[PDB]
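Heads up, the Cβs are rebuilt from the backbone with ideal geometry, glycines too, and the neighbour counts pull from every protein chain shown. Any read-out appearing in this document is the output of simple, stated calculations on the displayed coordinates, not a laboratory observation.
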Amino acid sequence: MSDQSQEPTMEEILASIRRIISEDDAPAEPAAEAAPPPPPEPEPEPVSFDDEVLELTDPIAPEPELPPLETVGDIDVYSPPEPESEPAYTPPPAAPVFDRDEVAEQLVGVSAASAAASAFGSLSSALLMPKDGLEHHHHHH
């Protein structure tokens, strides 16, 4: 329904009702079929596809802040994972008379969910001691 859809699509209708990022628990019944042969990959693989190692000789201290990693891929409006300085979803204070505003269709279906985070760095107070020094001498004779 971007310009002029021939048939009414359920996805597009939901988008029409809301144009903001939100959770969607609506039912789906997609279908697909494929089974192509795997590639020969004759070339060498000296470097992995997905890196999983890190090594920094010089330590860094970029303040005590570690934002969570989030991804996007749906009909819902695409926005950055950290919109700290991107106002739009939260309007400024105001007191205008409320107008008859109601929506449902199928997208929104009584939802909210909860989330929370809490992580602390591990610590220890022990180390290997191969040296014991069984022998001891100081005073003469």
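Which one of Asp99, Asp76, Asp58 has the biggest mean-square fluctuation once the chain is modelled by GNM with Cα springs under 10 Å?
Judging by the Gaussian network model, the answer is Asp58.
Once phi is turned into ³J(HN,Hα) by the Karplus curve 6.51 cos²θ - 1.76 cosθ + 1.60 with θ = phi - 60°, what whole-Hz value does each residue of segment 71-84 show in order, with x for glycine and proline?
In residue order, the calculated couplings are 10, 9, x, 6, 5, 4, 3, 7, 9, x, x, 10, x, 5 Hz.
Express in nm, to one decimal, how much length is gained between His140 and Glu11 on full extension, taking 0.36 nm for each residue of separation and deducting their alpha carbon distance.
Full extension from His140 to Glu11 adds 37.2 nm.
Whole-Hz ³J(HN,Hα) for each residue in segment 8-20, computed from phi via Karplus 6.51 cos²θ - 1.76 cosθ + 1.60 with θ = phi - 60°, x for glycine and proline: what do you get?
x, 9, 4, 4, 4, 4, 4, 4, 4, 5, 9, 10, 10
Could you size up the charge dipole of the chain around its Cα centre, putting +1 on the beta carbon of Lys and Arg and -1 on that of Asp and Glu, and report it in debye to the nearest 20?
For this selection, approximately 680 debye.
Please find, in a Gaussian network model of the chain (springs between Cα atoms separated by less than 10 Å), the residue of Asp24, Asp74, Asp51 whose mean-square fluctuation is greatest.
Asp51
In the neighborhood of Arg18, defined by Cβ-to-Cβ distances under 10 Å, what is the net charge if each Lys or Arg adds +1 and each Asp or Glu adds -1?
Residues close to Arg18 contribute a combined charge of -2.
In angstroms, what radius of gyration and Dmax does the chain have, counting Cα atoms only?
29.3, 107
Among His141, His136, rank each residue by its count of other Cβ atoms within 10 Å, from fewest to most, as a rough exposure measure.
Lowest count first: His141, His136.
Once the Cβ-Cβ distance between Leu123 and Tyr89 is put in as r, and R0 is 22 Å, what FRET efficiency do you end up with, to the nearest 0.05?
0.05
Using the Karplus curve 6.51 cos²θ - 1.76 cosθ + 1.60 with θ = phi - 60°, work out ³J(HN,Hα) for each residue of segment 122-129 in order, rounded to whole Hz, and write x for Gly and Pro.
Those phi angles translate into 6, 8, 7, 9, 7, 7, 5, 10 Hz.
For segment 77-141 and segment 20-42, compute the distance between their C-alpha centroids and round to whole Å.
A separation of 30 Å, based on Cα centres.
Under a GNM of the chain (C-alpha, springs under 10 Å), which listed residue has the highest mean-square fluctuation: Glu11, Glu70, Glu43?
Of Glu11, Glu70, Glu43, the most mobile in the Gaussian network model is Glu43.
List the relative contact order of the chain as a percent without decimals, with contacts defined as Cα pairs under 8 Å and 6+ residues apart.
39
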